[PDB]
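*Asks:* Following this line is run-v5.pdb, made up of PDB, C-alpha atoms and all ligand atoms:
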ATOM      1  CA  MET A   1      17.250  -3.241  13.672  1.00  0.00           C
ATOM      2  CA  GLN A   2      13.481  -3.435  13.223  1.00  0.00           C
ATOM      3  CA  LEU A   3      14.470  -0.563  10.884  1.00  0.00           C
ATOM      4  CA  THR A   4      14.439  -2.371   7.488  1.00  0.00           C
ATOM      5  CA  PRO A   5      11.749  -1.647   4.969  1.00  0.00           C
ATOM      6  CA  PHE A   6      10.458  -5.267   5.002  1.00  0.00           C
ATOM      7  CA  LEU A   7      10.172  -5.324   8.775  1.00  0.00           C
ATOM      8  CA  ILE A   8       8.526  -1.850   8.875  1.00  0.00           C
ATOM      9  CA  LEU A   9       6.056  -3.129   6.253  1.00  0.00           C
ATOM     10  CA  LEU A  10       5.191  -6.150   8.434  1.00  0.00           C
ATOM     11  CA  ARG A  11       4.751  -3.945  11.476  1.00  0.00           C
ATOM     12  CA  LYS A  12       2.476  -1.547   9.550  1.00  0.00           C
ATOM     13  CA  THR A  13       0.530  -4.416   8.116  1.00  0.00           C
ATOM     14  CA  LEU A  14       0.063  -6.108  11.478  1.00  0.00           C
ATOM     15  CA  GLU A  15      -1.306  -2.821  12.890  1.00  0.00           C
ATOM     16  CA  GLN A  16      -3.752  -2.528   9.961  1.00  0.00           C
ATOM     17  CA  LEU A  17      -4.935  -6.114  10.489  1.00  0.00           C
ATOM     18  CA  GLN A  18      -5.463  -5.541  14.249  1.00  0.00           C
ATOM     19  CA  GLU A  19      -7.440  -2.414  13.393  1.00  0.00           C
ATOM     20  CA  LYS A  20      -9.846  -4.558  11.429  1.00  0.00           C
ATOM     21  CA  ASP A  21     -10.386  -6.727  14.516  1.00  0.00           C
ATOM     22  CA  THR A  22     -12.512  -4.030  16.157  1.00  0.00           C
ATOM     23  CA  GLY A  23     -13.633  -6.308  19.003  1.00  0.00           C
ATOM     24  CA  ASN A  24     -10.097  -7.400  19.836  1.00  0.00           C
ATOM     25  CA  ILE A  25     -11.306 -10.996  19.538  1.00  0.00           C
ATOM     26  CA  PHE A  26      -8.004 -12.129  17.990  1.00  0.00           C
ATOM     27  CA  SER A  27      -5.617  -9.850  19.989  1.00  0.00           C
ATOM     28  CA  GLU A  28      -4.580 -12.622  22.374  1.00  0.00           C
ATOM     29  CA  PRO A  29      -4.469 -16.381  22.472  1.00  0.00           C
ATOM     30  CA  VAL A  30      -7.737 -18.259  22.904  1.00  0.00           C
ATOM     31  CA  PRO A  31      -7.820 -18.954  26.636  1.00  0.00           C
ATOM     32  CA  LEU A  32      -7.730 -22.603  27.612  1.00  0.00           C
ATOM     33  CA  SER A  33      -9.292 -21.765  30.993  1.00  0.00           C
ATOM     34  CA  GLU A  34     -12.452 -20.567  29.221  1.00  0.00           C
ATOM     35  CA  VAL A  35     -12.040 -23.020  26.284  1.00  0.00           C
ATOM     36  CA  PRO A  36     -10.726 -26.381  27.543  1.00  0.00           C
ATOM     37  CA  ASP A  37     -11.195 -28.473  24.341  1.00  0.00           C
ATOM     38  CA  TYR A  38      -9.568 -25.971  21.904  1.00  0.00           C
ATOM     39  CA  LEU A  39      -6.421 -28.037  21.308  1.00  0.00           C
ATOM     40  CA  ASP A  40      -8.426 -31.196  20.551  1.00  0.00           C
ATOM     41  CA  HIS A  41      -9.473 -29.387  17.378  1.00  0.00           C
ATOM     42  CA  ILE A  42      -6.847 -26.779  16.668  1.00  0.00           C
ATOM     43  CA  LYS A  43      -3.301 -27.988  16.115  1.00  0.00           C
ATOM     44  CA  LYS A  44      -1.679 -24.575  15.735  1.00  0.00           C
ATOM     45  CA  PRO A  45      -3.320 -21.692  17.625  1.00  0.00           C
ATOM     46  CA  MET A  46      -2.509 -18.206  16.419  1.00  0.00           C
ATOM     47  CA  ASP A  47      -3.434 -14.674  17.523  1.00  0.00           C
ATOM     48  CA  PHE A  48      -2.067 -11.169  16.897  1.00  0.00           C
ATOM     49  CA  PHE A  49       0.003 -11.076  20.145  1.00  0.00           C
ATOM     50  CA  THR A  50       1.839 -14.179  18.952  1.00  0.00           C
ATOM     51  CA  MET A  51       2.350 -12.621  15.548  1.00  0.00           C
ATOM     52  CA  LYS A  52       3.737  -9.463  17.184  1.00  0.00           C
ATOM     53  CA  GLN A  53       6.049 -11.686  19.272  1.00  0.00           C
ATOM     54  CA  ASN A  54       7.189 -13.427  16.092  1.00  0.00           C
ATOM     55  CA  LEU A  55       7.800 -10.154  14.282  1.00  0.00           C
ATOM     56  CA  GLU A  56      10.009  -8.750  16.965  1.00  0.00           C
ATOM     57  CA  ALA A  57      11.998 -11.984  17.183  1.00  0.00           C
ATOM     58  CA  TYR A  58      12.718 -11.685  13.443  1.00  0.00           C
ATOM     59  CA  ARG A  59      10.897 -15.016  12.940  1.00  0.00           C
ATOM     60  CA  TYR A  60       9.167 -13.672   9.720  1.00  0.00           C
ATOM     61  CA  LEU A  61      11.728 -14.157   6.948  1.00  0.00           C
ATOM     62  CA  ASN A  62       9.280 -13.432   4.117  1.00  0.00           C
ATOM     63  CA  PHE A  63       5.766 -12.070   3.473  1.00  0.00           C
ATOM     64  CA  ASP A  64       4.324 -15.563   2.791  1.00  0.00           C
ATOM     65  CA  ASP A  65       4.965 -16.830   6.289  1.00  0.00           C
ATOM     66  CA  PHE A  66       3.482 -13.673   7.855  1.00  0.00           C
ATOM     67  CA  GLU A  67       0.343 -14.053   5.674  1.00  0.00           C
ATOM     68  CA  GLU A  68       0.088 -17.757   6.623  1.00  0.00           C
ATOM     69  CA  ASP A  69       0.010 -16.910  10.301  1.00  0.00           C
ATOM     70  CA  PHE A  70      -2.869 -14.403   9.702  1.00  0.00           C
ATOM     71  CA  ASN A  71      -4.756 -16.994   7.723  1.00  0.00           C
ATOM     72  CA  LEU A  72      -4.394 -19.366  10.679  1.00  0.00           C
ATOM     73  CA  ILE A  73      -6.156 -16.842  13.023  1.00  0.00           C
ATOM     74  CA  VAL A  74      -9.128 -16.896  10.658  1.00  0.00           C
ATOM     75  CA  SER A  75      -9.164 -20.562   9.611  1.00  0.00           C
ATOM     76  CA  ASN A  76      -8.823 -21.756  13.206  1.00  0.00           C
ATOM     77  CA  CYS A  77     -11.782 -19.624  14.240  1.00  0.00           C
ATOM     78  CA  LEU A  78     -14.022 -20.773  11.382  1.00  0.00           C
ATOM     79  CA  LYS A  79     -13.007 -24.407  12.094  1.00  0.00           C
ATOM     80  CA  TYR A  80     -13.644 -24.299  15.876  1.00  0.00           C
ATOM     81  CA  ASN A  81     -16.793 -22.213  16.101  1.00  0.00           C
ATOM     82  CA  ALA A  82     -20.349 -22.811  15.047  1.00  0.00           C
ATOM     83  CA  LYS A  83     -21.588 -20.549  12.286  1.00  0.00           C
ATOM     84  CA  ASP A  84     -24.021 -18.708  14.587  1.00  0.00           C
ATOM     85  CA  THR A  85     -21.390 -17.289  16.938  1.00  0.00           C
ATOM     86  CA  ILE A  86     -19.859 -13.890  17.334  1.00  0.00           C
ATOM     87  CA  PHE A  87     -16.442 -15.520  16.816  1.00  0.00           C
ATOM     88  CA  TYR A  88     -17.271 -17.107  13.438  1.00  0.00           C
ATOM     89  CA  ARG A  89     -18.978 -13.930  12.167  1.00  0.00           C
ATOM     90  CA  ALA A  90     -15.952 -11.871  13.296  1.00  0.00           C
ATOM     91  CA  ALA A  91     -13.580 -14.193  11.454  1.00  0.00           C
ATOM     92  CA  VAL A  92     -15.567 -13.978   8.224  1.00  0.00           C
ATOM     93  CA  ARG A  93     -15.410 -10.161   8.409  1.00  0.00           C
ATOM     94  CA  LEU A  94     -11.714 -10.220   9.291  1.00  0.00           C
ATOM     95  CA  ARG A  95     -10.995 -12.504   6.324  1.00  0.00           C
ATOM     96  CA  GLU A  96     -12.765 -10.056   4.051  1.00  0.00           C
ATOM     97  CA  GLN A  97     -11.223  -6.911   5.413  1.00  0.00           C
ATOM     98  CA  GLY A  98      -7.754  -8.413   6.108  1.00  0.00           C
ATOM     99  CA  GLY A  99      -7.471 -10.029   2.696  1.00  0.00           C
ATOM    100  CA  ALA A 100      -7.624  -6.521   1.235  1.00  0.00           C
ATOM    101  CA  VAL A 101      -4.946  -5.230   3.591  1.00  0.00           C
ATOM    102  CA  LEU A 102      -2.708  -8.138   2.679  1.00  0.00           C
ATOM    103  CA  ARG A 103      -3.367  -7.620  -1.040  1.00  0.00           C
ATOM    104  CA  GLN A 104      -1.956  -4.103  -0.829  1.00  0.00           C
ATOM    105  CA  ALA A 105       0.909  -5.022   1.484  1.00  0.00           C
ATOM    106  CA  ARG A 106       2.019  -7.886  -0.762  1.00  0.00           C
ATOM    107  CA  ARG A 107       2.337  -5.410  -3.652  1.00  0.00           C
ATOM    108  CA  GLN A 108       4.935  -3.580  -1.544  1.00  0.00           C
ATOM    109  CA  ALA A 109       6.729  -6.737  -0.391  1.00  0.00           C
ATOM    110  CA  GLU A 110       7.372  -7.516  -4.120  1.00  0.00           C
ATOM    111  CA  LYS A 111       9.081  -4.134  -4.729  1.00  0.00           C
ATOM    112  CA  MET A 112      11.760  -5.150  -2.176  1.00  0.00           C
TER     113      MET A 112
HETATM  114  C1  LIG B 201      -9.553 -14.231  23.381  1.00  0.00           C
HETATM  115  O1  LIG B 201     -10.844 -14.549  23.899  1.00  0.00           O
HETATM  116  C2  LIG B 201     -11.546 -15.531  23.257  1.00  0.00           C
HETATM  117  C3  LIG B 201     -11.396 -15.831  21.908  1.00  0.00           C
HETATM  118  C4  LIG B 201     -12.109 -16.892  21.363  1.00  0.00           C
HETATM  119  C5  LIG B 201     -12.988 -17.648  22.158  1.00  0.00           C
HETATM  120  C6  LIG B 201     -13.110 -17.337  23.516  1.00  0.00           C
HETATM  121  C7  LIG B 201     -12.402 -16.283  24.069  1.00  0.00           C
HETATM  122  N1  LIG B 201     -12.555 -15.984  25.481  1.00  0.00           N
HETATM  123  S1  LIG B 201     -13.912 -16.188  26.379  1.00  0.00           S
HETATM  124  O2  LIG B 201     -14.344 -17.552  26.366  1.00  0.00           O
HETATM  125  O3  LIG B 201     -13.535 -15.582  27.621  1.00  0.00           O
HETATM  126  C8  LIG B 201     -15.216 -15.228  25.670  1.00  0.00           C
HETATM  127  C9  LIG B 201     -16.522 -15.698  25.708  1.00  0.00           C
HETATM  128  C10 LIG B 201     -17.540 -14.942  25.146  1.00  0.00           C
HETATM  129  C11 LIG B 201     -17.258 -13.738  24.543  1.00  0.00           C
HETATM  130  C12 LIG B 201     -18.299 -12.978  23.912  1.00  0.00           C
HETATM  131  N2  LIG B 201     -19.094 -12.354  23.386  1.00  0.00           N
HETATM  132  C13 LIG B 201     -15.944 -13.287  24.486  1.00  0.00           C
HETATM  133  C14 LIG B 201     -14.925 -14.027  25.056  1.00  0.00           C
HETATM  134  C15 LIG B 201     -13.699 -18.740  21.544  1.00  0.00           C
HETATM  135  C16 LIG B 201     -14.710 -19.526  22.328  1.00  0.00           C
HETATM  136  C17 LIG B 201     -13.435 -19.035  20.264  1.00  0.00           C
HETATM  137  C18 LIG B 201     -12.567 -18.325  19.414  1.00  0.00           C
HETATM  138  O4  LIG B 201     -12.399 -18.577  18.230  1.00  0.00           O
HETATM  139  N3  LIG B 201     -11.930 -17.236  19.993  1.00  0.00           N
HETATM  140  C19 LIG B 201     -11.073 -16.429  19.129  1.00  0.00           C
END
Let's see the structure in the file written out as structure tokens.
*Replies:*
Amino acid sequence: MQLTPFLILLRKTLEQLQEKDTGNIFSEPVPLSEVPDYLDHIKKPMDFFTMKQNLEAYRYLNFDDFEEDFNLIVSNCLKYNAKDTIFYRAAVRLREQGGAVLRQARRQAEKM
């Protein structure tokens, strides 16, 4: 029963957020093989594959918690990376574009 309007809204919204990540930079966890110090800085890694995992395990009880996980993708990236990096620039753009997606989707999560 992923067939409830709240859960269909989260699935839709997650798709729309991944669409804004045009480089697929945030599609999967930051790889510790390529990035060995990541956990020295970042206490709670997050990425869209993890969010999708969470969604399907009914771990998102409300829209707030879903939105907090998206914000972690962005805030982690801005925290870890220098300003002059593809990653940081991507996160700034994702914050801007994804904030708008979330604005609209929250409107619908209220109506429930
Ligand atoms: C999911 O792949 C990554 C995501 C990353 C980071 C690194 C990777 N992987 S990587 O180190 O293999 C890599 C290095 C350079 C580019 C470019 N351009 C892309 C990936 C790094 C270094 C930081 C980061 O915030 N994110 C989101």
*Asks:* Evaluate the PyMOL selection byres (((not hetatm)) within 9 of (chain B and resi 201)) and record the selected residues as a compact mmCIF listing (two decimals) with C-alpha atoms, in the coordinates of the input, following the chain and residue labels used in the document.
*Replies:*
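Now in out-v4.txt:
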# COMPACT_ATOMS: atom_id res chain seq x y z
CA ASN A 24 -10.10 -7.40 19.84
CA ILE A 25 -11.31 -11.00 19.54
CA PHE A 26 -8.00 -12.13 17.99
CA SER A 27 -5.62 -9.85 19.99
CA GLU A 28 -4.58 -12.62 22.37
CA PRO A 29 -4.47 -16.38 22.47
CA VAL A 30 -7.74 -18.26 22.90
CA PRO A 31 -7.82 -18.95 26.64
CA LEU A 32 -7.73 -22.60 27.61
CA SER A 33 -9.29 -21.76 30.99
CA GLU A 34 -12.45 -20.57 29.22
CA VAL A 35 -12.04 -23.02 26.28
CA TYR A 38 -9.57 -25.97 21.90
CA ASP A 47 -3.43 -14.67 17.52
CA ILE A 73 -6.16 -16.84 13.02
CA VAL A 74 -9.13 -16.90 10.66
CA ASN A 76 -8.82 -21.76 13.21
CA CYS A 77 -11.78 -19.62 14.24
CA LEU A 78 -14.02 -20.77 11.38
CA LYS A 79 -13.01 -24.41 12.09
CA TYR A 80 -13.64 -24.30 15.88
CA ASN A 81 -16.79 -22.21 16.10
CA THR A 85 -21.39 -17.29 16.94
CA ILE A 86 -19.86 -13.89 17.33
CA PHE A 87 -16.44 -15.52 16.82
CA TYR A 88 -17.27 -17.11 13.44
CA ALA A 90 -15.95 -11.87 13.30
CA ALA A 91 -13.58 -14.19 11.45
*Asks:* Taking all atoms listed in the file into account, which of A:18, A:62, A:2, A:71 comes nearest residue 49 (chain A)?
*Replies:* A:18
*Asks:* So how far away is CA of residue 72 (chain A) from CA of residue 94 (chain A), in Å?
*Replies:*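 Result for CA of residue 94 (chain A) versus CA of residue 72 (chain A): 11.8 Å, one decimal.
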*Asks:* Using all atoms listed in the file for the distances, tell me which of A:112, A:10, A:17, A:3 is nearest to residue 100 (chain A).
*Replies:* A:17
*Asks:* Could you jot down the CA of residue 15 (chain A) to CA of residue 68 (chain A) separation for me, Å, one decimal place?
*Replies:* 16.3 Å
